[PDB]
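The data below hold one chain only, encoded as C-alpha cells and taken in the form deposited in one PDB entry.
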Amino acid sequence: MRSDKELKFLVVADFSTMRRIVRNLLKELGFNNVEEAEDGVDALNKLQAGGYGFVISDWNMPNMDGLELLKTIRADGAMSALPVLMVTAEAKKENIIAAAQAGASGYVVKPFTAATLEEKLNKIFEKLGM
C-alpha cells in the first residue's frame, strides 16, 4: 500500500556511488522517502531528529564507521528498535559475525544485485512485521 511505501530510509556510505546505487534500487522497489548520510556521525545527527524507519549502512567510513554506528544505535533507547541493514565486503565473514553479534537486522555483501537487496529487505520486513 501507499502507506507502507512511506517508510523513511537513511542510506549511509562514504562513497557517493554506493549511495546512488542503493537509492536507485530503493526507488525501483517503490520507496521514495530516502535520505543520505556520509559517516556514522552525520547519520546520528539525522536519526536523532527522529522519524526514520530503516537504516542501511556501509562498513568503512571516516569519523564513525558502520559497526560503531550500529552499536551506538542499539544502545540508544529511542533508537534501539531501528531495523539496520549492514553492507559488508566479501572475504570478510568476521564482519558478518561481528554484525550479527552487534545486533544488525541483516547484512548484504557487496557488490550486490538489485535482486539480492530486495531479497534481504523482504526477509527483514517479515521478522519485524511491516
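From 1 onward, residues are counted along the sequence shown.
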Higher avg CA temperature factor (16-24 vs 111-119, as deposited) belongs to 111-119
Quick check on the record: does 73-81 or 57-65 carry the larger mean Cα temperature factor? 73-81
Between 30, 50, 40, 103, which carries the biggest CA temperature factor in the record? 50
From 89, 98, 86, 34, can you pick the one with the highest C-alpha B factor in the entry? 89
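This protein has a second form, the form deposited with a partner chain bound, left out of what is shown; the following refers to that one.
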Does the 4.5 Å heavy atom contact test between residue 120 and its partner chain in the entry with it bound come out positive? yes
Though only this chain appears here, would residue 9 touch its partner chain in the entry with it bound if you measure heavy atom gaps against 4.5 Å? no
Can you work out whether residue 27 and its partner chain are in contact in the entry with it bound, taking contact to mean some heavy atom pair no more than 4.5 Å apart? no
Please tell me whether any heavy atom belonging to residue 100 falls inside 4.5 Å of a heavy atom of its partner chain, as the geometry stands in the entry with it bound. yes
